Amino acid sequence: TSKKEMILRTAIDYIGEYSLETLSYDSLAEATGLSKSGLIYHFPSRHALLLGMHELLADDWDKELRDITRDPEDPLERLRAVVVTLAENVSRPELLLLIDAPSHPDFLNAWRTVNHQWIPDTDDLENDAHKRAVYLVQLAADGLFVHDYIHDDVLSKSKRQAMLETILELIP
């Protein structure tokens, strides 16, 4: 789409294949085919680029959730949408940015709104069994999301689906 979005998408793909560390105007220019002058025109600094990458992924998720949520006002339907979107294995770039987000308050802030609107709260969690039952679903969904990166082997398509349905049934 946008030349600007093209740059961001290319940078995201880049860190998954190489690393966040070597993402530079030199490597991004080679990857996009644009000159450094052309890159600066849209992203003044590496910080601006990284921030743009975080905001893009956060926006992607928000749009995905809004797109499949029955009633955005119903907590249980939002939870279902979260489970469904997290049921697909996370990509390397997104997992890397998620883990690196705390490197700067700006990156964390990029994910703040989507987190606040879709992730369940933990108010009085220690004394609310229903609160814990709901968060337990979030936890299992998170596990399915990263499963293939933290286990010595991946889930087959059928087994992943079987577990998705299992998590869905765990919803109160």
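When you see a residue number, it is the position in the sequence shown, counting from 1.
J.: For the higher mean C-alpha B factor in the entry, choose 123-131 or 53-61.
T.: The entry gives the higher C-alpha B-factor average to 123-131.
J.: Pick between 112-120 and 28-36: the one whose mean CA B-factor in the entry is higher.
T.: Comparing averages over the C-alpha atoms only gives 112-120.
J.: Checking the entry, which one of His42, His104, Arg70, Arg46 has the top C-alpha B factor?
T.: Answer, based on the entry's C-alpha B-factors: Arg70.
J.: Sorting the chain's modelled residues by C-alpha B-factor, tell me whether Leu76 ends up in the lowest, middle or highest third.
T.: Top third by C-alpha B-factor.
J.: Pull the Cα B-factor of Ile12 out of the PDB entry and bin it into the chain's lowest, middle or highest third.
T.: Lowest third.
J.: Taking the entry's C-alpha B-factors for this chain, is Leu23 in the lowest, middle or highest third?
T.: According to the entry, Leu23 has a C-alpha B-factor in the chain's lowest third.
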